[PDB]
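Single-structure report; data block below.
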Amino acid sequence: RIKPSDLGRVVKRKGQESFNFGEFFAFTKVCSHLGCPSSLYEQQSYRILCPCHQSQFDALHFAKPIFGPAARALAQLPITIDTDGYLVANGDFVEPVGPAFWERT
Amino acid sequence: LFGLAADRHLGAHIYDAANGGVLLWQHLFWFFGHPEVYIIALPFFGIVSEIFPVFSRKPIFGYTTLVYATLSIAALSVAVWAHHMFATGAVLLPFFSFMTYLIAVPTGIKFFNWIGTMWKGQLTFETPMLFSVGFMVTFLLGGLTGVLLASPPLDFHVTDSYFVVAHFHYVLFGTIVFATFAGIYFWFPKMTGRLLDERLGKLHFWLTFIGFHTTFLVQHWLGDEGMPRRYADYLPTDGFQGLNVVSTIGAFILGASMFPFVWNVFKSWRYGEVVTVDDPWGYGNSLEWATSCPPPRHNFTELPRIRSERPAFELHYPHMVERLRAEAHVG
Amino acid sequence: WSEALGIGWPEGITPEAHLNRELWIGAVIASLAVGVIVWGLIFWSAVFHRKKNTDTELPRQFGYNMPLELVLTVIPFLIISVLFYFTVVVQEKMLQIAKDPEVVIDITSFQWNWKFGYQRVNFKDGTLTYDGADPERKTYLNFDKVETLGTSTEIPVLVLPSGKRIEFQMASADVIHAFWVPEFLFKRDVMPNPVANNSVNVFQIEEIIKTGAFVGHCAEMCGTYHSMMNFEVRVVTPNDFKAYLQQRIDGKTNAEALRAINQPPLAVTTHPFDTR
Amino acid sequence: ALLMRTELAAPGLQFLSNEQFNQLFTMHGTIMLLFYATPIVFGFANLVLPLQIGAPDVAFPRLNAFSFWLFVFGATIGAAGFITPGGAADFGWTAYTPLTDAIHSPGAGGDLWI
Amino acid sequence: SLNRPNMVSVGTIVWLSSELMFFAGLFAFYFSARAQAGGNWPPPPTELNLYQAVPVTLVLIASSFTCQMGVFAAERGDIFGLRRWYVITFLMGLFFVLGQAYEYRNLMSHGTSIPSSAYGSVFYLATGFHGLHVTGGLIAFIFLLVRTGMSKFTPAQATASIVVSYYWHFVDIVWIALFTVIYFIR
Amino acid sequence: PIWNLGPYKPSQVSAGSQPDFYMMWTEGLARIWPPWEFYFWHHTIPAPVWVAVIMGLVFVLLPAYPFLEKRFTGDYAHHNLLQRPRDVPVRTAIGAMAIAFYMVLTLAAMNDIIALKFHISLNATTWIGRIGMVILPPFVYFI
Amino acid sequence: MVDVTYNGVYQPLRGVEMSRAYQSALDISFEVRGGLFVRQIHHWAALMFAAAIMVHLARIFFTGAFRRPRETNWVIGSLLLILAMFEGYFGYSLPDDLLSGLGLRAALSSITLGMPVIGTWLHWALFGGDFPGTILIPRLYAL
Amino acid sequence: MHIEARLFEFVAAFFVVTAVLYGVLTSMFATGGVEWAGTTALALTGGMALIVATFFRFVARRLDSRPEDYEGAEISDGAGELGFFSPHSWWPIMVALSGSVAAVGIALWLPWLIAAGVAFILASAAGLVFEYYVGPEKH
Amino acid sequence: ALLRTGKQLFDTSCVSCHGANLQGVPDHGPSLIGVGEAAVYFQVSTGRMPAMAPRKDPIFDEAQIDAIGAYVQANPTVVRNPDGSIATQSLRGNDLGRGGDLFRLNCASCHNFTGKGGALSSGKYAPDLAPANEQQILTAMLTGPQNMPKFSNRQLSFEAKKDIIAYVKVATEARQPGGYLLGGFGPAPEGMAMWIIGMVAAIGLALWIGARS
Ligand code: HEA
Ligand code: HEA
Ligand code: HEC
Ligand code: HEC
Ligand code: FES
C-alpha cells in the first residue's frame, strides 16, 4: 500500500494503465533474474531487493530494474473489490512469470 | 585515545559532562598538541642553519649560543600548553602569558644568529637561498602575528577567527614547505648523484611565493570582523564577498605551482646533469662532503681529521686553517 | 584614518572595548615598527653585501659578539614586560563583576539554536522591579516565565535597554558553545556544568552607548548546522524597553511585542536559511 | 583544500553539503598535521643523521622499517573513512570533549581516525 | 673494540620512560574527578578485599627478588641458574595474574561493572593496562628462555636478560605505586 | 545449524545466501555479470547463459593447459627435475593471474557480509568488484 | 518429500508441516546421542578435502611437473577436481532447509532452464516436471 | 659520557621547578583548587628525567674513557670490530601488517578479528625474535 | 501537570528539528502528528536520538520519557502493567510454532535467520536484535521507523505479537548446542575459519613431520 501523499510519480506502464487500484499495486514475487523470491521492501525509498544477488526495482517506475544483474520488469497483477468489500483478482497475468527461457519470458 | 575509545565502545563516563572531563580532556589534548607544532620547527631551523654557511662562505654565528637557544626552546616548550584555554576562562592567565612571552625570545635569538651569519657575505642567488629568504620573511610575519596573539584581551575577541588561521598557516607553511624544498634541492645530489635544474626551481619559487602571499594576506581583513572558522555558508547581506574570491584565486594559483616541481624532479631523476665530484655546492660543511657523491653501503671508505665544525671545508682547503683560527673571536 | 590602522575592528560600543582597541592599535604599531626594522635590515644586507664581484677571497670568519648578543637578548625583555603590565592592567578592568547588576539575563544554549531567559529586572531609579524566576524545575538549567525561544525559521531576537548594567549567565544543554558578539569585542565559551567544571559563567557590561541591531554567531565546533543559528540583539531606550517588558508580560509573541512599539518585526541584518 | 576553496567562494551552498564539508576539513587538517610533518621530519632524520654523525649505519634498521610500515598502514587505514556511507569522523581535529563521545557522532569513522 | 655502553640498554631505558609516561596519563585519568565526589567518594556498593591485594603485592616483590638473583647469576658464566630463577619468576607472576583474575571475578559478581559507576570504570582502566603489561612481560620471559635454550651463550643474551630484569623491576615499582595510591590513601 | 533455520517453502527468503566456498566463484560470477539480453523473433536469451559459457570455458581450459604450453613453447623434452618458482617468470605470472582472478571473484560475492560488518555501500562494493576483475589482473601480473 | 508434522523434541518447531528429510536430519542432530558431532565432522572434513585438493593443484601447477611424462595424470587430476566440486555441491542440499533449497533452486532451475537450445528438456528430465518435485531429493541422495 | 647526563639532569631540574611552581600557584588563587591533571604530568615527566639521568650517571660513574669522549684522539684508537647488524630482512613488514590488522579489529568491534590480530602479532614477534638463532635442520 | 513538564522538556531541544507545535520543518524532519507516544518511546529509549543514526546511549532515563510521550499524545499507546509500569513479562507468548513461522515469513527476511545483523542497499542496514527488549521491539514493530514496514494492530493478532516476542527471546539468548557460535551467518565464516585454522595446523604438522631441502 503506497502512501497516498505523492501518487503522482507513478509511471503507469504503457500496457497496464488501469491495473492499479488507488493505493494498491499487487506486484509478483519471483524475481526475473534467476527465480529467487524477493521480500526486501523499503517503504521510504520505494525499492525492492532480491537477497540472492542484490537487485533493485523502483516500485514507482513499473518495477523497472535499476541496478544489478536484473533484466526485465517484474510482473504486475490487477485487482478490484467484490460485493462484500474483499480483495479479488481482476484477471490473470499478461506476461509469463518466472525466469525467462528460450520460448518467452 | 585509549580512554576515548573505551568511552565510545563501553560508556565508562570518563569524559562525561557530569564530571570535569570537559576541562580534563582539553588540558591533556592541548598539552600533547602544542609540543606537536613545536616539534616541526626545530629541525627545519637546523636545515636553514646549515644551508646558510655554504652560500655565505662564513662560519656559523653563535654556535654555543644557538645550542643554548635550542635547549631553552626544548625545555620551555611543554610549559605553555594552557594558552589555548583563554576562551574557557578557567585557568591562570598571567602565568601562562608570561611563559609564552618568555618562550618568544629564543626564536628572536635564532633570527639574530642567522642575520649575523649572513651579514657581510659573498651571497650567491640560487634556488635554496631564495627558499630560505622566503622562509625567513614568512616566518617573521607569522611570528609577528603570534606575538600579537599572545595578549589575553586580544584573543578574547580574535580567537577562532581567520586571524589565528592566518597565524598558523603562515608559521607552519613558511617553515615546513620552504625548508623541505630547500633541503631537497640541497641533498638531492647526495642521494641520487644528479642536480636539479635552476630555472624551473626559480619559477617554482616565484609562483609559490606569489600565490601564497596573494591568497593569505586578506585573511586578517576578513577575520578581523565577524567570520569565525569552519563555516560552510553565510548570508549575502554582509560584505567580504570579493575577499573570498581573491583568496580562491590565490589558492588556485598555488594549486598549479606544484606541477613544475614534480615535473622537474621526474625529469632529473633519470636525466639531467650528473655530479661526478664530491660537494657540487662548493664550500660545504657538516662532514657529508668527504665521501663519493653516490654513497655506497655504510657510507664511508675513509675518514679525515676532526678538529672543528667544518671538517670537509678544512680538508678541501688546508691553507685557510690559520685564517680560520686567527680571526675567529674578533667579531 | 585610524579605522585602517585599527585593522577593520568595528567601532566600540562600551568603554572597555575602546580601551581594548587602544591597546590593539598600540601593539599593532609596535609590531609593524619591529617588522619594518627587521625587513629593512634584511633588505640592506641582501642588496649591498650581495655585490659578490669578480674579486673576492673570503669576507670574514667572525662569529663572536657576546656583548652585542647580550644587548639584543635583553632589549625585548623591556618591551614584553611593558606590554604584559599593560595587558594585566587592562584585563583587570574587564572583570569588575559588580555586586549589583541592573539587569540579569539567563542565556540558554542547546543544539543548533539559542534561548533567552530575562531572569529579573531591577533599576536604581526605582522605576522597574520584577523577578521572572520560575520554580517550574523539580536539572542545572534555569527556567523563567517570560522567555524568548528561537526556531529554525525564526531568527531569535534579544531586546535590551541602553546605558544599563547588564549581566549574562552561561548555561548549555549538550555540547560546547561560544556566545560571541562582534560589536561587544568580547567572547566567552558556554559549558554544560561550568560550576562542576570550575569555570566562571558570569560576565557583566557597564553600559551600551549606541543603540540598534547587531549580529551574532557561535564560535566553536558544535555539530553540523553550526553556522545557521545566528541571532540579533536590539538596544532600545529605557522607556521603550519598559513598554516592551509589560507588553511581553501579557501573552504576546516576539513579533507582536516588537511591532507594537514601532520596530521591525524580523531581524534586519540576518535572514533565515531556506535549505535546512 | 582546493575543493574546499572552490566551495567556500560564491556564498551559498553550490554543490557541497554541510556534513561533507565538516568531514572535509577534518580529513584535511588530520592529514596535513599528523601524516606529513612528522614523517617528513623523520625522513630527513633518516637521510642525514648517520651522514652528519659519521656512523656507518643506524642502530635498529628493523625498528626503522617497522616504524615506516606502521606509519604507512596507519595512514591508509585512517584515511579510508571516505568509503563509509556515513563518512569518517565529523568533528574538527581539535576533537573537543562532548561531541566525540558515543552520544554524538556515532559513525564508524571516528574509530578509524582514532 | 666494542663500545662499553650498550645501545640496547639506553633504548630500553627510553622505552621504559615512554611507558612510564603512559601510566602517568593513566594516573592523571584516575585522580581526576576523585575530588569531585564528596564524602565517601567510593560508592557504597564497593569494598576492596585487602586480604587478597597485599598477598599478590608480596608475590610480585618476591618475583622481583628472584629477578635480581637471576640477573646476578646471568652476570657470570652459567645459564641453568638463570633458567631456574626465570621459571620461578614466571610461575610467581602466573599466580599474580590468576589472583587478579579472581579479584576481577569477585568484584564483578556482586556489584560494580565498567558501565556501572565512574570509580569502577577508572579502577578497571588503571588495572587492565598493568595486567596486559604483566602478560607481555611473561611472554618476553618465555621468548628469552626459548632463545637461550637453542643457541650458545653470548653477551647479547645477557643483555636481553638484564633488560627484561629491570623492565620487570619497573613493572613492580609501578604496581606498588598504584597499590599505595589506591588501597592506602583511598 | 539447520534447526535454527526452517523447512523450505517457496514463500520464505532472506539474506541467507553465499553457499559453500569451493563453488562460490559461480555465484560471484552470476552476481557480477552486467545485464545484457538479446531479443529476436519470439525468443529471449537471458544473462546467465554468459555465466554458463564462462564456467564451461574454465572447465575446458583446465585440462588443455599442458598441450597449449607445449605448442606455445615448442618443447618436447623429458624432465625428472622440477624448477624452483623464481626461475620461470612467465608461468608464475600466469599463476598469479589465475589466483588473483579467483580471489577477486570469491570476495566479490561476499558483498553482503563485507557491507554488513564494515559499513560500506552495497552498490559501492559491487562497482569495486566490477572494476576490479578487469583492472586488477594486469597490475598483479606485472608486479 | 511428503509433508509431515514434527512433534519431536525441539519445542520451538512443534506443530509445523515440514519435509520428512528435514525431520530425519533434526532427529540425527538432536535425538541420537552424538549424531550432531558426527555430521559436523563429516562437513568439516569435506571442507578440508576441498581446501587440500585446491592447495595440491596449486603446488603442482607451481612446480611444473605437468610436462610430457605425466600429462595424463594432470588430465585425471582436473577431472577429479571437477567431479569432487560437483559432488560437494550436492552435499549440503540433502537436508533441504530453506537456504539449501534456495541455492539449488537458483542454480539448477535458472541455469538449466536458461539453455538457449535444449533448456526445458534438461530441467524436466532432471526434476520430472516442474522445479519442486517428489523425486528430486531421492535422486540427489542416490547420486 | 658526561654532557648528555648533565643536560638530562638540567631538564629534570627545570621540570621539577615547573611542577612545584605550578602546584604552589594552583593550591591558592584557584577556583578549582589543585588542577590535579597537568601537575601529575609535570611531576612524572620530571621523574622520567630524574630516573634516566640517574641511570646515565650510574653507567657513567663506573665507565672508562672512550675515544669519542676524548678530544684529540685518532681514528686508529677506535679501530676494530663493531657490533652485529641485521642484513636484508622482511619480517618487520609482516609485523606491521599484523599490527594494522589488530588496529582494524580494535577499531570496529569484532572480537574474532581482534583475537586473530593478537594471534598474528604473537606469530610475527616469534618470527622476528628467532630470525638469527635457528640452526640447520636436524633431519 | 505532566503535560507542562513534557512540553518544556521537548521545547528545550525538540523545536530545533521538528517544530514548536510539532509542525515539521520541510527540509529537516517530519511533522509528528499522527504518531503516538509509542513512536516517541521507541525512538527515545533505544538511543537513535538527535545525531549529526546507529545505536547510542539514551539521554533520558525512564522518568521524562512517559511525560514527553503523554505530551505528544495530547497533540498507538504503549502497553503498560496494571501497576502503572511498562509491561515486561505479560508480553511473552506461549505458542512458539506460530511465532517462528511469522518470523520466517516477515521478520527473518531483512535481519537474519537467527536475528543478527542484515545487509541492505545504499547505506542503512538491519541491526542485530540482541540489544533490544520486549517493550522496545513491540513498540518498534507497531511504530514503523525509517526504512521499516509499519504493521497495524488489525492485521496482526496480539497473540501473534506475544508469540513473536517469545520466539525472538528464545532464539537469540539460548546457548547453541553446536559449541562455539560463528556469528550466525552462512558458510562464509566457516570457510574463513577453514582457511585460518584448518590447513594452517595441517601444513605446520607437515613441516614438522617432513624435511626441507
Ligand atoms: C608550526 C606551527 C606553529 C608555530 C611555529 C606556532 C608559533 C607560535 N604561536 Fe601558534 N598555533 C598553531 C601553530 C603554530 N604556532 C596552531 C595549529 C594553533 C591552534 C590550532 C587550533 O586550535 O585550531 C595555534 C594557536 C596559537 C594561539 C592561541 C590561538 C587560539 O586558540 O585562540 C596563540 C596565542 O597564544 C599562539 C601563539 C604563538 C606564538 C607566540 C608562537 C611563536 O613560536 C612565534 C612568535 C615568535 C616570533 C618569531 C616573533 C618574532 C621574534 C623576534 C623577531 C623577537 C622580537 C621580539 C618580540 C617582538 C617578541 N598560537
Ligand atoms: C601542513 C598543513 C597544511 C598545508 C600544507 C595546508 C595547505 C593549504 N591550505 Fe590549509 N589548513 C590547515 C593546514 C594546512 N593547509 C589546517 C590545520 C586548517 C584548519 C584546521 C581546523 O580549523 O580544523 C586548514 C584550513 C584551510 C582553509 C580554511 C578552512 C578552515 O580553516 O576552516 C583554507 C582556505 O579556505 C586553506 C587553504 C590552503 C591552501 C590554498 C594550501 C596550499 O598550500 C595547498 C597547495 C597544494 C595543492 C593544491 C596540491 C595540488 C592538488 C592537485 C593539483 C591534485 C592533483 C591531482 C591528482 C594527482 C589526483 N586551508
Ligand atoms: C535534525 C536533527 C534532529 C534533532 C535535533 C531531533 N531529531 Fe527527531 N529525528 C530526526 C529526523 C530527520 C527524524 C525522521 C526519521 C529519520 O530521519 O530517521 C527523526 C525521528 C524522530 C521521531 C520518530 C519519527 C516518526 O516518524 O515517528 C520522533 C518521535 C522524533 N524524532 C522526535 C524528536 C525528539 C524527542 C528529539 C529530541 C530533542 C528530536 N526529535 C530531535 C532528526 C532530529
Ligand atoms: C525494510 C524491510 C523490513 C522488514 C520486512 C522488517 N524490518 Fe525490522 N528493521 C528494518 C530496518 C531498515 C531496521 C534498522 C533500524 C531502522 O532502520 O529503524 C530494522 C530493525 C528492527 C528492530 C530494531 C533492532 C534492534 O534490535 O534494536 C526491531 C525491533 C525490528 N526491526 C522489528 C521487525 C519485526 C517485528 C518485523 C516483521 C514481523 C520486521 N522488523 C521486518 C526493516 C525491516
Ligand atoms: S533472482 Fe533476483 S537478483 Fe537474482
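Residue numbering restarts at 1 for every chain of the C-alpha cells, chains are lettered A, B, ... in their displayed order, and ligands are numbered from 1 as they appear.
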
Considering only C-alpha atoms, extract the chain I residues located within 8 Å of chain F and return them as a PyMOL selection string.
-> chain I and resi 104-105+108-114+117-123+125+171+178+185-188+191

Next, write the just-selected residues to a file, as a compact mmCIF listing (two decimals), in the first residue's frame, keeping N, CA, C and O atoms as the atom set.
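out-v2.txt written:
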```
# COMPACT_ATOMS: atom_id res chain seq x y z
N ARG I 104 9.86 -16.31 10.21
CA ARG I 104 10.43 -16.71 8.93
C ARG I 104 9.65 -16.16 7.75
O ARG I 104 10.18 -16.13 6.64
N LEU I 105 8.41 -15.72 7.97
CA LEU I 105 7.61 -15.17 6.88
C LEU I 105 7.74 -13.65 6.75
O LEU I 105 7.62 -13.12 5.64
N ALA I 108 12.59 -12.60 9.42
CA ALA I 108 13.93 -13.04 9.05
C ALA I 108 14.39 -12.47 7.71
O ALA I 108 15.59 -12.50 7.43
N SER I 109 13.46 -11.96 6.89
CA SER I 109 13.81 -11.57 5.53
C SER I 109 14.94 -10.55 5.50
O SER I 109 15.87 -10.68 4.70
N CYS I 110 14.87 -9.54 6.36
CA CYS I 110 15.85 -8.45 6.34
C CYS I 110 16.93 -8.61 7.40
O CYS I 110 18.10 -8.29 7.14
N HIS I 111 16.59 -9.11 8.58
CA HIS I 111 17.55 -9.09 9.69
C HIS I 111 18.52 -10.26 9.61
O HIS I 111 19.71 -10.07 9.33
N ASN I 112 18.01 -11.48 9.81
CA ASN I 112 18.71 -12.76 9.62
C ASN I 112 17.84 -13.94 10.01
O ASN I 112 16.73 -13.77 10.52
N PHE I 113 18.36 -15.14 9.77
CA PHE I 113 17.69 -16.36 10.21
C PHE I 113 17.62 -16.41 11.73
O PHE I 113 16.59 -16.77 12.30
N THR I 114 18.71 -16.05 12.40
CA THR I 114 18.79 -16.07 13.86
C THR I 114 18.65 -14.68 14.47
O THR I 114 18.86 -14.53 15.68
N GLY I 117 22.56 -9.16 12.43
CA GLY I 117 22.51 -8.05 11.51
C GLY I 117 22.23 -8.48 10.08
O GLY I 117 22.57 -9.58 9.65
N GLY I 118 21.59 -7.58 9.33
CA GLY I 118 21.25 -7.85 7.95
C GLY I 118 21.80 -6.78 7.03
O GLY I 118 22.07 -5.65 7.43
N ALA I 119 21.95 -7.16 5.76
CA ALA I 119 22.56 -6.31 4.75
C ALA I 119 21.48 -5.74 3.84
O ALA I 119 20.65 -6.48 3.30
N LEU I 120 21.49 -4.42 3.67
CA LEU I 120 20.60 -3.71 2.77
C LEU I 120 21.44 -2.99 1.71
O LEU I 120 22.66 -3.17 1.62
N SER I 121 20.78 -2.16 0.91
CA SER I 121 21.42 -1.45 -0.18
C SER I 121 21.52 0.03 0.14
O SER I 121 20.63 0.61 0.76
N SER I 122 22.63 0.65 -0.29
CA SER I 122 22.85 2.09 -0.21
C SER I 122 22.78 2.59 1.23
O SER I 122 21.89 3.34 1.63
N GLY I 123 23.75 2.13 2.02
CA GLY I 123 23.92 2.66 3.36
C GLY I 123 23.26 1.87 4.46
O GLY I 123 23.83 0.91 4.97
N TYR I 125 21.19 -0.38 7.14
CA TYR I 125 21.27 -1.82 7.27
C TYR I 125 20.22 -2.34 8.25
O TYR I 125 19.33 -1.60 8.67
N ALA I 171 15.26 -17.57 20.69
CA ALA I 171 16.22 -17.92 19.65
C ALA I 171 17.58 -17.28 19.91
O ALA I 171 18.62 -17.96 19.86
N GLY I 178 25.70 -26.59 19.31
CA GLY I 178 26.79 -26.94 18.42
C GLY I 178 28.15 -26.45 18.85
O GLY I 178 29.12 -26.58 18.09
N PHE I 185 25.99 -16.61 10.56
CA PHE I 185 25.90 -16.41 9.13
C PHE I 185 25.89 -17.77 8.42
O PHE I 185 25.74 -18.82 9.05
N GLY I 186 26.06 -17.75 7.10
CA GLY I 186 26.11 -18.97 6.33
C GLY I 186 27.45 -19.66 6.42
O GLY I 186 28.12 -19.65 7.46
N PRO I 187 27.88 -20.28 5.32
CA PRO I 187 29.16 -20.99 5.31
C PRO I 187 30.38 -20.12 5.02
O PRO I 187 31.49 -20.65 5.02
N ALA I 188 30.20 -18.83 4.76
CA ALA I 188 31.35 -17.96 4.56
C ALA I 188 32.25 -17.87 5.80
O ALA I 188 33.48 -18.02 5.65
N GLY I 191 34.16 -21.16 5.99
CA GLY I 191 35.30 -21.23 5.09
C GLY I 191 36.45 -20.35 5.54
O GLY I 191 37.62 -20.71 5.37
```

If we count only C-alpha atoms, which residues of chain D reach to within 10 Å of chain B? Please list them as a PyMOL selection string.
-> chain D and resi 1-14+16-22+25-26+33-34+36-38+40-42+44-45+47-48+50-58+92+94-98+100-106+110-111+114

Could the residues that lie within 9 Å of ligand 5, counting only C-alpha atoms and all ligand atoms, be listed as a PyMOL selection string?
-> (chain A and resi 30-38+49-56+68-70+99) or (chain F and resi 30-31) or (chain G and resi 106+110)

Neighbours of ligand 3 within 9 Å, counting only C-alpha atoms and all ligand atoms, as a PyMOL selection string?
-> (chain C and resi 111-112+225+276) or (chain I and resi 9-18+27-44+48-53+65+68-69+72+143-147)

Go ahead and write the selection's residues with N, CA and C atoms as a short mmCIF file (atom, residue, chain, number, x, y, z; two decimals), in the first residue's frame.
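Final output, saved to part29.cif:
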```cif
data_model
loop_
_atom_site.label_atom_id
_atom_site.label_comp_id
_atom_site.auth_asym_id
_atom_site.auth_seq_id
_atom_site.Cartn_x
_atom_site.Cartn_y
_atom_site.Cartn_z
N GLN C 111 21.21 22.55 21.20
CA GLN C 111 21.68 22.07 19.90
C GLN C 111 21.05 22.89 18.77
N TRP C 112 21.88 23.70 18.11
CA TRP C 112 21.60 24.41 16.86
C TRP C 112 20.68 25.61 17.01
N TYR C 225 24.98 21.83 11.72
CA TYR C 225 24.39 23.13 11.40
C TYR C 225 24.92 24.22 12.32
N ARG C 276 17.22 23.96 5.00
CA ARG C 276 17.57 23.32 6.27
C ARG C 276 16.40 22.50 6.81
N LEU I 9 10.28 20.16 28.48
CA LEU I 9 11.42 19.31 28.17
C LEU I 9 11.61 19.17 26.67
N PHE I 10 10.51 19.01 25.93
CA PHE I 10 10.62 18.93 24.47
C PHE I 10 11.09 20.26 23.88
N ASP I 11 10.44 21.36 24.26
CA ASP I 11 10.80 22.67 23.71
C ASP I 11 12.22 23.07 24.07
N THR I 12 12.82 22.44 25.08
CA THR I 12 14.22 22.69 25.37
C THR I 12 15.11 22.34 24.17
N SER I 13 14.82 21.22 23.50
CA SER I 13 15.64 20.81 22.36
C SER I 13 14.88 20.30 21.14
N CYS I 14 13.59 19.99 21.24
CA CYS I 14 12.90 19.38 20.11
C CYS I 14 12.56 20.38 19.01
N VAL I 15 12.39 21.65 19.36
CA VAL I 15 11.99 22.65 18.36
C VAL I 15 13.06 22.83 17.30
N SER I 16 14.32 22.51 17.63
CA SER I 16 15.42 22.75 16.71
C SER I 16 15.32 21.90 15.45
N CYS I 17 14.52 20.84 15.45
CA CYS I 17 14.43 19.95 14.31
C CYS I 17 13.03 19.79 13.75
N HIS I 18 12.02 19.66 14.61
CA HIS I 18 10.68 19.33 14.17
C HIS I 18 9.74 20.54 14.21
N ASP I 27 12.62 20.71 5.28
CA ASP I 27 13.87 20.07 4.88
C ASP I 27 14.64 19.47 6.04
N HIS I 28 14.06 19.44 7.24
CA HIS I 28 14.73 18.88 8.41
C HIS I 28 14.16 17.54 8.84
N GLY I 29 12.85 17.45 9.05
CA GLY I 29 12.24 16.23 9.52
C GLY I 29 10.74 16.19 9.31
N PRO I 30 10.09 15.20 9.89
CA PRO I 30 8.65 15.02 9.70
C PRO I 30 7.85 15.96 10.59
N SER I 31 6.53 15.80 10.55
CA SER I 31 5.62 16.70 11.26
C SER I 31 5.26 16.21 12.66
N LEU I 32 5.28 14.90 12.89
CA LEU I 32 5.00 14.32 14.21
C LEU I 32 3.60 14.69 14.70
N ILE I 33 2.58 14.23 13.97
CA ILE I 33 1.18 14.43 14.35
C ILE I 33 0.46 13.10 14.51
N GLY I 34 0.48 12.27 13.47
CA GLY I 34 -0.24 11.00 13.53
C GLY I 34 0.36 10.03 14.53
N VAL I 35 1.69 9.98 14.61
CA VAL I 35 2.35 9.03 15.50
C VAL I 35 2.06 9.38 16.96
N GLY I 36 1.88 8.34 17.78
CA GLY I 36 1.58 8.49 19.17
C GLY I 36 2.79 8.36 20.06
N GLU I 37 2.53 8.14 21.36
CA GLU I 37 3.62 8.02 22.32
C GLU I 37 4.47 6.79 22.08
N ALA I 38 3.96 5.79 21.36
CA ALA I 38 4.75 4.60 21.07
C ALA I 38 5.98 4.95 20.24
N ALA I 39 5.80 5.82 19.24
CA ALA I 39 6.93 6.24 18.42
C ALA I 39 7.98 6.95 19.26
N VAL I 40 7.55 7.88 20.12
CA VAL I 40 8.49 8.61 20.95
C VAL I 40 9.22 7.67 21.90
N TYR I 41 8.48 6.73 22.51
CA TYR I 41 9.09 5.80 23.44
C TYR I 41 10.15 4.95 22.75
N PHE I 42 9.83 4.42 21.57
CA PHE I 42 10.81 3.60 20.86
C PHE I 42 12.02 4.42 20.43
N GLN I 43 11.79 5.62 19.90
CA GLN I 43 12.88 6.43 19.38
C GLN I 43 13.74 7.05 20.47
N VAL I 44 13.24 7.13 21.70
CA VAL I 44 13.99 7.71 22.81
C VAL I 44 14.70 6.63 23.62
N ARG I 48 18.40 6.01 19.21
CA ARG I 48 18.50 6.71 17.93
C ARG I 48 17.90 8.12 18.06
N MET I 49 18.60 8.91 18.86
CA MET I 49 18.26 10.24 19.36
C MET I 49 18.88 11.22 18.36
N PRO I 50 18.68 12.56 18.49
CA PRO I 50 19.44 13.51 17.67
C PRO I 50 20.90 13.16 17.40
N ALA I 51 21.24 13.04 16.12
CA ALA I 51 22.60 12.78 15.68
C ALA I 51 23.06 13.89 14.75
N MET I 52 24.22 13.70 14.13
CA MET I 52 24.76 14.66 13.18
C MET I 52 24.07 14.52 11.82
N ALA I 53 21.67 6.94 11.72
CA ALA I 53 21.69 7.12 13.17
C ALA I 53 21.72 5.77 13.88
N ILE I 65 10.47 10.31 29.84
CA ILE I 65 10.03 9.68 28.59
C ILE I 65 8.51 9.54 28.58
N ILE I 68 6.98 13.10 28.04
CA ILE I 68 7.01 13.58 26.67
C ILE I 68 6.09 12.75 25.78
N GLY I 69 5.96 11.45 26.05
CA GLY I 69 5.01 10.65 25.29
C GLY I 69 3.57 11.10 25.50
N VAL I 72 3.06 14.31 23.60
CA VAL I 72 2.86 14.05 22.18
C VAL I 72 1.46 13.51 21.92
N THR I 143 5.38 0.83 15.54
CA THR I 143 5.62 2.21 15.15
C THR I 143 5.97 2.37 13.68
N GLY I 144 6.91 1.57 13.17
CA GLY I 144 7.38 1.74 11.81
C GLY I 144 8.34 2.90 11.63
N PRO I 145 9.56 2.76 12.18
CA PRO I 145 10.59 3.79 11.96
C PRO I 145 11.05 3.86 10.52
N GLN I 146 12.10 4.64 10.25
CA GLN I 146 12.60 4.79 8.89
C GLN I 146 13.02 3.44 8.32
N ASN I 147 12.75 3.25 7.03
CA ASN I 147 13.08 2.03 6.29
C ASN I 147 12.41 0.79 6.88
#
```

For chain D against chain H, with a cut-off of 6 Å and counting only C-alpha atoms, what is the closest atom pair and its distance in Å to one decimal for every residue that makes the cut, ordered by chain and number, as a tab-separated table?
```
residue	atom	partner	partner_atom	distance
D:66	CA	H:92	CA	4.9
D:69	CA	H:96	CA	5.9
D:70	CA	H:96	CA	5.2
D:111	CA	H:107	CA	5.1
D:112	CA	H:107	CA	5.8
```

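Computed from the coordinates, the atom 27 (C, counted along the ligand's line) of ligand 2 to CA of residue 165 (chain B) distance equals 7.6 Å.
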
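We find CA of residue 329 (chain B) and CA of residue 44 (chain C) to be spaced 24.9 Å apart.
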
Could you check which of D:82, D:93, D:113, D:71 is closest to chain F, using only C-alpha atoms?
->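 With only C-alpha atoms as the atom set, the closest residue is D:82.
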
Collect all residues with atoms no farther than 6 Å from ligand 4, counting only C-alpha atoms and all ligand atoms, and output them as a list in words.
->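 These are the residues that qualify: residues 40, 41 and 42 of chain A; 103, 106, 107, 110, 125, 126, 127, 128, 129, 130, 131, 132, 137, 140, 141, 145, 146, 147, 148 and 149 of chain I.
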